[PDB]
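>>> in their complex positions, the first chains:
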Amino acid sequence: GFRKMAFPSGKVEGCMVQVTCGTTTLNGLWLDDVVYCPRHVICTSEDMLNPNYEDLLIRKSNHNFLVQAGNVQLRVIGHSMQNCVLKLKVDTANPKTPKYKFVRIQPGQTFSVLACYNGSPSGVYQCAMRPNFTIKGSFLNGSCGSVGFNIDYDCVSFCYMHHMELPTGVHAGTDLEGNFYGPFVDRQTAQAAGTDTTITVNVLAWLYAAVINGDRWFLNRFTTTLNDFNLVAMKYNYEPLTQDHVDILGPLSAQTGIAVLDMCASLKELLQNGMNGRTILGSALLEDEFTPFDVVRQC
């Protein structure tokens, strides 16, 4: 079978804490003796529209920050700001700290989101970084500071911290250095993203997944050149396919014995003609949030 699968979240759950400043409560990430969280926690409703964060932060004391790990308050013994992330130093180190790194992911890559409220893990799901640097998440009030991550071996790579929702219902946030993905800003304003495109290499990986699991009504005898496929892809607001993408798809091509450019010809036919009421792996739409790696590992 084939399913959208998140990484097991236990290593991250052990790091989630609650951070409160004033009447604002959200989540923080407690690694070693530092708690990371969105800096907009220091805002009031009057500050959010055009917050001078350096100004607002110098006017704060360590004791204006309440950090709770379950039933226990942690003492904040220092604070700093790195871009849009506030760093709170605490006197206790987290024994549950996993091996970890901070990474900045590329558009098209996927990661798992651990959605939390009041420092408590609530759900886990898989997201992709959209080409327009939004994510199609499920985040409600109080979810800020929830993080996204991947796990390689025993190492957790943190790639996302959650900051906001856009009026279209998609979401925006930063890496763990506090730099936004995309042209967004942590102020209380209605922000639009650039035109989104579909992640072509992922659609192809998903089509290969559908074949593996015995679904192949969409295949065809035709083939296409890389450039001719890319011309059609761009017309339909699909990302262009690179030779590295073709290479990355090799394993799935070998496994099924379907040349990448043959699958490209099937996708071209789908873009031009549609699905005709049919479905692929249950979906009436082409899915683009599975990477080739995601498909390989699970098949």
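Right, received. Where do you want to start? Residues are numbered from 1 along each chain as shown, chains lettered A, B, ... in the order given.

>>> off-centre distance for stretch A:124-137?
How far stretch A:124-137 lies from its chain's middle: 4 Å, per Cα atoms, centre = their mean, to the nearest Å.

>>> show the contacting residues for the nearest residue to residue A:136 once chain neighbours are set aside.
Of all residues not flanking residue A:136 in the chain, residue A:170 sits nearest, at 5.5 Å (Cβ to Cβ, 6 or more residues apart in numbering). Any C-beta I mention is one placed from the backbone N, CA and C, and that applies to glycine too. Shown in contact with residue A:170 (Cβ atoms under 8 Å, 6 or more residues apart in numbering): A:130, A:134, A:135, A:136, A:137, A:193.

>>> if we ignore the residues flanking it in sequence, what's nearest residue A:121?
In space, and not counting its chain neighbours, residue A:121 is closest to residue A:13: 4.6 Å by Cβ to Cβ, 6+ apart.

>>> thought the one you found was touching residue A:119?
No: using Cβ atoms under 8 Å, residue A:13 is not in contact with residue A:119, being 10.3 Å away.

>>> neighbour-wise, which of the two wins?
residue A:119 (21 against 14; other Cβ atoms under 10 Å).

>>> one step back: take the contacts of residue A:170 and write them to CSV, including secondary structure and neighbour count.
Output for these, formatted as CSV (DSSP: H, G, I helix; E, B strand; the rest coil; neighbours: other Cβ atoms under 10 Å):
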residue, secondary structure, neighbour count
A:130, coil, 24
A:134, coil, 26
A:135, strand, 22
A:136, coil, 13
A:137, coil, 20
A:193, coil, 17
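
>>> ok, of those residues, which one's closest to residue A:251?
residue A:130 (24.9 Å; Cβ to Cβ).

>>> quick one, what contacts the closest one?
Residues near residue A:130 by Cβ under 8 Å, 6+ apart: A:107, A:136, A:170, A:193, A:196, A:199.

>>> measure the third one to residue A:184 for me?
Computed with Cβ to Cβ, to the nearest Å, the distance linking residue A:170 and residue A:184 is 10 Å.

>>> and for these two, which residues touch both?
Counting by Cβ under 8 Å, 6+ apart, the shared contacts of residue A:170 and residue A:184 are residue A:193.

>>> the residue nearest to residue A:159 when sequence neighbours are not counted: neighbour count?
For residue A:159, ignoring the flanking residues on the chain, the nearest one in space by Cβ to Cβ, 6+ apart is residue A:105 at 4.3 Å. When neighbours are counted by other Cβ under 10 Å, residue A:105 registers 19.

>>> could you do residue A:289 as well?
Using other Cβ under 10 Å, residue A:289 is surrounded by 19 other residues.

>>> thought it was touching residue A:205?
No: contact between residue A:289 and residue A:205 fails when scored by Cβ under 8 Å: they sit 10.1 Å apart.

>>> could I get the full set of helices for the stretch 151-299 of chain A?
A:200-212, A:226-235, A:243-248, A:250-256, A:260-273, A:292-298 (DSSP state H, counting those that start in this stretch).

>>> of these, which is nearest residue A:87?
Set against residue A:87 and scored by Cβ to Cβ, those come closest in helix A:292-298, at 31.3 Å.

>>> quick one: that closest one to chain centroid distance?
That offset, for helix A:292-298, works out to 17 Å (Cα atoms, centre = their mean).

>>> equivalent analysis for stretch A:285-299, please.
Distance, centroid of stretch A:285-299 to centroid of chain: 15 Å (Cα atoms, centre = their mean).

>>> as chain B, please add this:
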Amino acid sequence: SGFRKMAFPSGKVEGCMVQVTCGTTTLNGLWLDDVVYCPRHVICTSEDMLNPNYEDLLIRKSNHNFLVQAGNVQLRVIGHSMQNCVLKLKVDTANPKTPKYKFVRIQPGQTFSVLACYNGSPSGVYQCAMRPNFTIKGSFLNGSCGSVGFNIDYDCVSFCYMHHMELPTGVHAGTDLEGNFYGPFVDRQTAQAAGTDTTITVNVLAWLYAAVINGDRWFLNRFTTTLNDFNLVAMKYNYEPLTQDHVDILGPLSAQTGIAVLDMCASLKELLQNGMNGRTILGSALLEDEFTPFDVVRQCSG
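Putting chain B onto the chains we already have gives this:
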């Protein structure tokens, strides 16, 4: 749509996963207090798979034949018993990571999170719905048996599924944590067919309530129906009939929207009888049936 399949955080279950080996056969087990629970077919050879005599296979087993490991650390087995299709292995250490837990038997239509594991190591977590024909659409490879499905309420893990097998159609079958299969299946390496599947009506209704909550309500009509009339129509479209429990679990969403359950049933009946006519609901022309009423409230209101 604004919805996605969301699993429960898996950490409380990760802390309970172990591996159980007989000979060269390794599957996963669930370690709670001083008991490890796993599929009984761990005691099978390749040759026992066809039609195992589990009672006879077990009588030849001793505690010292079971290798239970948390990671690479052996857990000594001090007693063993069979309960339906599950083996219970008493071990000499109480799991310090045991959460508050209970064992529950879910109904078709209900959803749960699966922590897919191999050699006692978790690989991924995803949401499943129990189909009306008592299969799930999982993603399981060899060595996945003993992976469990669960829900988490407050601090309490309700274990509802343990994985045992794949069917020729590629769907999956298993037991509750008391070893009783969901559906008519048995743990033997034979060809077994699931009954024809049907659409989970209560979840489609939940989906329609979700659409209403988000302002998408063109499909609401001025009519109502009796539960019996709706069920008889529903069955002609390969939809499951509603139970009283289904009506009850739609209560919170009916109260949130002010739309009586039976009025929503009449709206669904009209969609079934007239089709969508090129319209969409929550962005789709397909009705979703794997979000329960609880799932909807989770993602709309938190």
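
>>> back to the neighbour count of residue A:289, now that we've got chain B?
Using other Cβ atoms under 10 Å in any protein chain shown, residue A:289 has 20 neighbouring residues.

>>> ok, the one 10 residues further on next?
Residue A:299 is surrounded by 17 other residues when neighbours are defined as other Cβ under 10 Å.

>>> tell me how far it lies from residue A:23.
Going from residue A:299 to residue A:23 by Cβ to Cβ gives 49 Å.

>>> pull the contacting residues for residue A:213.
By Cβ atoms under 8 Å, 6 or more residues apart in numbering or on different chains, the contact list for residue A:213 reads A:1, A:2, A:281, B:170.

>>> rerun at 10 Å
Contacts for residue A:213 (Cβ atoms under 10 Å, 6 or more residues apart in numbering or on different chains) come out as A:1, A:2, A:280, A:281, A:299, B:139, B:170.

>>> go on, residue A:122?
Residue A:122 makes contacts with A:16, A:114-116, A:138, A:140, A:142-143, A:146, B:6, B:8-9, B:152, B:298, B:302, as judged by Cβ under 10 Å, 6+ apart.

>>> in a strand, that's where it is, yeah?
Yes: under DSSP: H, G, I helix; E, B strand; the rest coil, residue A:122 falls within a strand.

>>> near chain B, which residues of the stretch 151-299 of chain A?
When proximity is defined as Cβ under 10 Å from any Cβ of the partner chain, the stretch 151-299 of chain A approaches chain B at A:151, A:169-170, A:213-214, A:277, A:279, A:281-285, A:289, A:294, A:297-299.

>>> hang on, residue A:288 packs against residue A:198?
Yes: counting by Cβ atoms under 10 Å, residue A:288 does reach residue A:198; the two are 4.9 Å apart.

>>> ok, the two, which is more surrounded?
Legend: neighbour count by other Cβ under 10 Å for residue A:288 and residue A:198, higher for residue A:288 (22 against 18).

>>> which single residue of chain A ends up nearest chain B?
Residue of chain A nearest chain B, by Cβ to the nearest Cβ: residue A:10 (3.0 Å).

>>> which residues touch that residue?
When contacts are counted by Cβ under 10 Å, 6+ apart, residue A:10 is found next to A:96, A:98, A:114, A:121, A:124, A:151, B:9-15, B:97, B:115, B:122, B:125.

>>> switch the cut-off to 7 Å
The contact partners of residue A:10, by Cβ atoms under 7 Å, 6 or more residues apart in numbering or on different chains, come to B:10, B:11, B:14, B:15.

>>> interface residues of the stretch 1-150 of chain A facing chain B?
Residues of the stretch 1-150 of chain A lying near chain B by Cβ under 7 Å from any Cβ of the partner chain: A:1-10, A:13-14, A:114, A:117, A:121, A:123-125, A:138, A:140.

>>> quick check: phi and psi at the residue of chain A closest to chain B.
Residue A:10 adopts backbone torsions of phi -50, psi -40, taken as degrees, to the nearest 10.

>>> ok, what's across the strand from the closest residue in space to residue A:154 that isn't next to it in sequence?
Counting by Cβ to Cβ, 6 or more residues apart in numbering or on different chains, residue A:154 lies nearest to residue A:99, which is 5.3 Å off, once chain neighbours are set aside. The partner list for residue A:99 in beta bridges (DSSP bridges) reads residue A:155.

>>> for residue A:99, what are its contacts?
Counting by Cβ under 7 Å, 6+ apart, residue A:99 makes contact with A:154, A:155, A:156.

>>> if you set the cut-off to 10 Å instead, what comes out?
A:11, A:151, A:152, A:153, A:154, A:155, A:156, A:157.
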